[PDB]
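Here the structure is laid out as structure tokens; the discussion comes afterwards.
FYI the Cβ positions are ideal-geometry reconstructions off the backbone, even for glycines, and counts take in every protein chain you see. What follows draws every value from the coordinates through simple rules; no lab data is involved.
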Amino acid sequence: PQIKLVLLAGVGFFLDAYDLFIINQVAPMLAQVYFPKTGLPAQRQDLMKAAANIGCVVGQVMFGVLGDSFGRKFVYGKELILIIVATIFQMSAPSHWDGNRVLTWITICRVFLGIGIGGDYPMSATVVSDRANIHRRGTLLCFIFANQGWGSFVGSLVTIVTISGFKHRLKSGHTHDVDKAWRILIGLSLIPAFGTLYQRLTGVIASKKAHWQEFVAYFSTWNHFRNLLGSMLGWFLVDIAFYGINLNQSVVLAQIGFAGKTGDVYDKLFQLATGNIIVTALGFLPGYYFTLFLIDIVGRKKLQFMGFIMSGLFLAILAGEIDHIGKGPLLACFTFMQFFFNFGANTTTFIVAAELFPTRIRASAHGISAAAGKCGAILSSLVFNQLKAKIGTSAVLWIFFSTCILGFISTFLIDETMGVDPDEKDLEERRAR
Ligand SMILES: CCCCCCCCCO[C@@H]1O[C@H](CO)[C@@H](O)[C@H](O)[C@H]1O
Ligand SMILES: CCCCCCCCCO[C@@H]1O[C@H](CO)[C@@H](O)[C@H](O)[C@H]1O
Ligand SMILES: CCCCCCCCCO[C@@H]1O[C@H](CO)[C@@H](O)[C@H](O)[C@H]1O
């Protein structure tokens, strides 16, 4: 039936999300091995974490040209082997290498990993926004998207299971085995990746200039232009805070009480992994499901308004209190923030970009919005740990706060898409003039 295809798109998101966010769990292990006394150098850590998102935009433009030039049959398999191969190179950095060289190895691998993650990313959204043509398209897009939560959660679960498996060996003095742990964290993605590879198998300028002419004509009208403006702005603005925080969740949990001077190597990695699992289990993950049950009841806009403005509050509390109040209150607010990312702006920007636009131009408008998002992701990703050193963590969280208020403001540019057919509205718009 139609069901099996949406699951396959789901496992595509799951694998993309796992590979993206697992770097947050891998980085503190790389620190313990290759930079035990100092931290990972700020610029190198930022480059390593932005790498996958940088490749992600290169992927969907490149796999876009090839997919348009020679059709969908050209791309469907090749994107997945690229992330499999990129996973294996990343997994197998020479252990006898110098720390900066190991880091540079992983960043480059993660760019190519990103290029593949850039493959199926918008194509899993289109297949069911085109297919459904029903009020329950939002509940469907949201169900596919929720696999981003499971990607981050399973990575955290994999991490505590892995560390607690190495418990006795680390306690008995074999401290280099954390170099084997971080390879297992990346490597375990290969199990669904190979599973899915097998399941997936078992006048060009004249046309482009004609589509460009329709696109420009469409988005040169205000009530049509602002919907593209608001779609680009909302996705751009939320990804600054969202990927800034989530690619560095282990870093924030370290000003909060979860990193300390007490305890040994196991005690360190294990409470830090304990902090990560709490946040994603209690906040990051359930937010997707609160959205799932309410988008086709409350509407998309009311959920972004709430999402931006609620995550703003907890960012302001973090920014104001992080250096001044105890662990507990901060851990709660940080979890509340994560909850209202996914019960809110992060989930709705994705749906709104897929739902706003009539099909005759939907491909570009969704692509331009997704590209705008990745731009916001790479700014914070490229600079988060550098700013944290130049201006401090509280000052960065004040920046994230401001982007949430701008997101709230920009959401007024959008039409509510709950229950609307964008092709019909385009249709009456035209029969009306
Ligand atoms: C599926 C795609 C696979 C991509 C894997 C390519 C890894 C690139 C290897 O990096 C190279 O090795 C050293 C890194 O420390 C440096 O000598 C050199 O500057 C750098 O270019
Ligand atoms: C399709 C190309 C795939 C090539 C994979 C070759 C892997 C060779 C083994 O690598 C080794 O991995 C160990 C940790 O796992 C490190 O201790 C060691 O330094 C490194 O040499
Ligand atoms: C100098 C900055 C000024 C920009 C002003 C904000 C633009 C608001 C656009 O109004 C729009 O009118 C539509 C009805 O036609 C509503 O459906 C939609 O919700 C609403 O967003």
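Zone of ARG360 (label point 7 Å along Cα→Cβ, backbone N under 15 Å): which residues in segment 208-231?
Residues 210-221, 224-225 fall inside that zone.
Give the Kirkwood hydrodynamic radius (Å, one decimal) of the chain, defined as one over the mean of 1/r across all pairs of different Cα atoms.
On the way: mean 1/r = 0.0449 Å⁻¹.
Final number for the Kirkwood radius of the chain is 22.3 Å.
Kirkwood hydrodynamic radius, segment 1-113, all distinct C-alpha pairs: what's the number in Å?
Details: mean 1/r = 0.0641 Å⁻¹.
The answer is 15.6 Å.
Please give the FRET efficiency for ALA259 paired with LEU197, using the beta carbon to beta carbon distance and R0 = 56 Å, rounded to the nearest 0.05.
0.90
What spacing in nm lies between the two simple spin-label points modelled at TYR76 and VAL161, each 7 Å away from Cα in the Cβ direction?
3.1 nm
Give me the one-decimal nm value for the distance between modelled label points at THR104 and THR38, 7 Å along each residue's Cα-to-Cβ direction.
According to this spin-label approximation, the distance is 1.6 nm.
Based solely on its DSSP helices, what 222 nm [θ] is calculated for the chain when runs of n ≥ 4 H residues each add -39,500 (n - 2.57) and the sum is averaged over all residues, nearest 500 deg cm²/dmol?
Details: 23 runs with 337 residues, N = 433.
Rounded to the nearest 500, it is -25500 deg cm²/dmol.
For segment 25-39, take each phi angle, set θ = phi - 60°, evaluate the Karplus expression 6.51 cos²θ - 1.76 cosθ + 1.60, and give the result in whole Hz per residue in order, putting x for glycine and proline.
With the stated coefficients, segment 25-39 comes to 7, 7, 4, x, 6, 4, 4, 4, 7, 9, 9, x, 8, 10, x Hz.
Taking 0.36 nm per residue of separation and subtracting the Cα-Cα distance, what length does fully extending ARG131 through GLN2 add? It would help to have the intermediate numbers written out before the result.
Values: separation 129, 0.36 × 129 = 46.44 nm, distance 0.96 nm.
Length difference between fully extended and current span is 45.5 nm.
Quick one: length gained pulling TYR289 to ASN223 fully straight, 0.36 nm per residue minus the C-alpha distance?
Values: separation 66, 0.36 × 66 = 23.76 nm, distance 3.18 nm.
Additional length available on full extension: 20.6 nm.
Give the residues of segment 356-392 whose amide nitrogen is closer than 12 Å to a point set 7 Å from the Cα of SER69 in the direction of its Cβ.
Answer for this model: none.
What is the extension gain from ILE205 to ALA389, computed as 0.36 nm multiplied by their sequence separation minus the C-alpha to C-alpha distance, in nm to one decimal?
Working: separation 184, 0.36 × 184 = 66.24 nm, distance 4.79 nm.
Full-extension gain reported as 61.5 nm.
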